[PDB]
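Taking the form deposited in one PDB entry, here's one chain by itself in C-alpha coordinates.
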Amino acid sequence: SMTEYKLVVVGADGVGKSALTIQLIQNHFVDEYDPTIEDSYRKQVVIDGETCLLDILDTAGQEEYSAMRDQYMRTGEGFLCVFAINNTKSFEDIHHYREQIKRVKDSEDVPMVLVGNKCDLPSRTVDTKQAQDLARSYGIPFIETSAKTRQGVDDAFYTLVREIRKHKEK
(Lines give C-alpha, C1' and ligand atoms only; values in the text may rest on other atoms or scores of the structure.)
Protein backbone atom coordinates (compact mmCIF):
# COMPACT_ATOMS: atom_id res chain seq x y z
CA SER A 1 0.00 0.00 0.00
CA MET A 2 0.95 3.67 -0.24
CA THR A 3 -0.52 6.74 1.46
CA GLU A 4 0.71 10.31 2.05
CA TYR A 5 0.54 12.51 5.17
CA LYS A 6 1.06 16.24 5.63
CA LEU A 7 2.84 16.69 8.97
CA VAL A 8 3.42 20.11 10.49
CA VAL A 9 6.06 20.74 13.16
CA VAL A 10 5.19 23.59 15.55
CA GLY A 11 6.49 25.01 18.80
CA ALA A 12 8.38 27.89 20.34
CA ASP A 13 11.67 29.18 18.96
CA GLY A 14 14.79 27.10 19.51
CA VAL A 15 13.12 23.96 20.86
CA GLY A 16 14.57 21.74 18.12
CA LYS A 17 11.83 21.55 15.47
CA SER A 18 14.36 21.78 12.65
CA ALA A 19 16.92 19.54 14.35
CA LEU A 20 14.30 16.82 14.79
CA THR A 21 13.19 17.15 11.17
CA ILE A 22 16.75 17.16 9.82
CA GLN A 23 17.58 14.03 11.82
CA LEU A 24 14.59 12.31 10.21
CA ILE A 25 15.36 13.53 6.68
CA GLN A 26 19.16 13.79 6.64
CA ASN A 27 20.30 11.58 9.55
CA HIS A 28 22.58 14.16 11.12
CA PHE A 29 22.44 16.59 14.03
CA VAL A 30 22.98 20.29 13.38
CA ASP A 31 24.61 21.90 16.41
CA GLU A 32 24.49 25.42 14.96
CA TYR A 33 21.23 27.35 15.30
CA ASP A 34 19.88 28.32 11.86
CA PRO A 35 16.52 30.03 12.55
CA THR A 36 13.67 28.88 10.31
CA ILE A 37 11.43 30.98 8.12
CA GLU A 38 9.84 27.93 6.48
CA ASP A 39 11.15 24.63 5.15
CA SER A 40 9.53 21.59 3.56
CA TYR A 41 10.74 18.00 3.18
CA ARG A 42 9.51 14.71 1.75
CA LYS A 43 10.48 11.20 2.85
CA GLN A 44 9.19 7.72 2.07
CA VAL A 45 8.94 5.47 5.13
CA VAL A 46 7.23 2.24 6.18
CA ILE A 47 5.15 2.45 9.37
CA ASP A 48 3.37 -0.64 10.74
CA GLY A 49 3.98 -2.38 7.41
CA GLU A 50 2.22 0.41 5.47
CA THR A 51 4.35 2.51 3.13
CA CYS A 52 3.76 6.24 3.10
CA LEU A 53 5.19 9.53 1.92
CA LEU A 54 5.68 12.10 4.67
CA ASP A 55 5.37 15.74 3.60
CA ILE A 56 6.86 17.64 6.54
CA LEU A 57 6.39 21.38 6.99
CA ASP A 58 8.94 22.82 9.42
CA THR A 59 7.52 26.10 10.72
CA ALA A 60 9.11 28.95 12.60
CA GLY A 61 8.67 29.38 16.34
CA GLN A 62 6.80 32.64 15.78
CA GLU A 63 4.10 34.50 17.69
CA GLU A 64 3.62 37.52 15.39
CA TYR A 65 2.29 35.96 12.15
CA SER A 66 -0.44 33.78 13.67
CA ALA A 67 -2.73 34.70 10.78
CA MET A 68 -0.15 33.51 8.24
CA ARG A 69 0.43 30.47 10.44
CA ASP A 70 -3.26 29.53 10.06
CA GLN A 71 -2.87 28.41 6.43
CA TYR A 72 -0.15 25.96 7.49
CA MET A 73 -2.52 24.47 10.02
CA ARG A 74 -5.49 24.28 7.65
CA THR A 75 -3.79 21.87 5.29
CA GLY A 76 -1.81 19.95 7.92
CA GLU A 77 -3.18 16.53 8.82
CA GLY A 78 -1.17 16.03 12.01
CA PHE A 79 0.91 18.23 14.24
CA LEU A 80 4.09 17.63 16.17
CA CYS A 81 3.93 20.10 19.08
CA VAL A 82 7.49 20.48 20.34
CA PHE A 83 8.83 22.00 23.55
CA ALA A 84 12.30 21.72 25.07
CA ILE A 85 12.70 20.05 28.45
CA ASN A 86 15.04 22.85 29.57
CA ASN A 87 12.76 25.73 28.49
CA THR A 88 9.71 26.18 30.73
CA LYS A 89 8.33 28.97 28.56
CA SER A 90 8.25 26.61 25.57
CA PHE A 91 6.17 24.16 27.61
CA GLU A 92 3.86 26.96 28.78
CA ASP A 93 3.35 27.85 25.11
CA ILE A 94 2.03 24.39 24.19
CA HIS A 95 -1.60 25.11 25.06
CA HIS A 96 -1.53 28.12 22.71
CA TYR A 97 -0.43 25.93 19.79
CA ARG A 98 -3.16 23.41 20.60
CA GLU A 99 -5.81 26.12 20.80
CA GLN A 100 -4.60 27.44 17.43
CA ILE A 101 -4.68 23.98 15.83
CA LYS A 102 -8.20 23.32 17.12
CA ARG A 103 -9.42 26.71 15.88
CA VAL A 104 -8.01 26.33 12.38
CA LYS A 105 -9.06 22.67 11.91
CA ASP A 106 -12.46 23.48 13.50
CA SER A 107 -12.26 20.41 15.70
CA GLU A 108 -11.42 19.27 19.20
CA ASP A 109 -10.02 16.00 17.80
CA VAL A 110 -6.92 16.77 15.71
CA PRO A 111 -4.01 14.30 15.31
CA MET A 112 -1.14 15.60 17.39
CA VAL A 113 1.81 14.40 19.46
CA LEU A 114 3.45 16.31 22.30
CA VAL A 115 7.24 16.15 21.96
CA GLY A 116 9.62 17.00 24.80
CA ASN A 117 12.95 17.52 23.05
CA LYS A 118 16.56 17.94 24.28
CA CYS A 119 16.31 15.05 26.76
CA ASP A 120 20.09 14.60 26.51
CA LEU A 121 20.78 17.85 28.37
CA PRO A 122 21.44 18.10 32.14
CA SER A 123 19.47 21.34 32.64
CA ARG A 124 15.89 20.04 32.78
CA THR A 125 13.21 22.45 34.01
CA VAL A 126 10.05 20.61 32.86
CA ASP A 127 9.22 17.37 34.67
CA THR A 128 8.22 14.35 32.61
CA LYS A 129 5.15 13.96 34.83
CA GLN A 130 4.07 17.52 34.02
CA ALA A 131 4.25 16.76 30.30
CA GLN A 132 2.60 13.34 30.65
CA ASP A 133 -0.24 14.96 32.60
CA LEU A 134 -0.76 17.63 29.92
CA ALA A 135 -0.73 15.03 27.15
CA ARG A 136 -3.24 12.92 29.08
CA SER A 137 -5.58 15.89 29.47
CA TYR A 138 -5.49 16.37 25.68
CA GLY A 139 -5.81 12.65 25.00
CA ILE A 140 -2.61 12.66 22.91
CA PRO A 141 0.71 10.79 23.07
CA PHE A 142 3.79 12.28 24.71
CA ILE A 143 7.27 11.36 23.43
CA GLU A 144 10.63 12.46 24.85
CA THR A 145 13.26 13.02 22.17
CA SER A 146 16.83 14.12 21.61
CA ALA A 147 17.68 15.36 18.14
CA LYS A 148 21.32 15.22 19.25
CA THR A 149 21.39 11.49 20.08
CA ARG A 150 18.46 10.63 17.74
CA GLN A 151 16.53 9.13 20.70
CA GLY A 152 12.82 9.10 19.95
CA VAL A 153 13.05 10.87 16.56
CA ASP A 154 11.47 8.12 14.45
CA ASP A 155 9.07 7.35 17.31
CA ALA A 156 7.72 10.92 17.37
CA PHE A 157 7.00 11.09 13.63
CA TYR A 158 5.73 7.51 13.36
CA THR A 159 3.43 7.98 16.35
CA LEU A 160 1.99 11.07 14.67
CA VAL A 161 1.22 9.01 11.56
CA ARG A 162 -0.50 6.43 13.77
CA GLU A 163 -2.59 9.21 15.31
CA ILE A 164 -3.64 10.39 11.84
CA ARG A 165 -4.54 6.86 10.83
CA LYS A 166 -6.58 6.42 14.01
CA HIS A 167 -8.39 9.69 13.34
CA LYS A 168 -9.23 8.68 9.76
CA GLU A 169 -10.80 5.46 11.06
CA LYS A 170 -13.43 7.37 13.07
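Rigid core: the largest C-alpha set superposing within 1.5 Å between the two forms. Each residue number is its position in the shown sequence, starting from 1.
What follows is about the form deposited in another entry, which we do not show.
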Give the option from 133, 70, 120, 127 whose C-alpha shifts by 2 Å or more between the shown form and the other one; the alignment is on the rigid core. 70
Shift in CA distance, residue 90 and residue 70, in the other form relative to the form shown here, given it is 3 Å or more: farther
Can you tell whether residue 137 sits closer to or farther from residue 61 in the other form than it does here, judged by CA atoms, where the change is 3 Å or more? farther
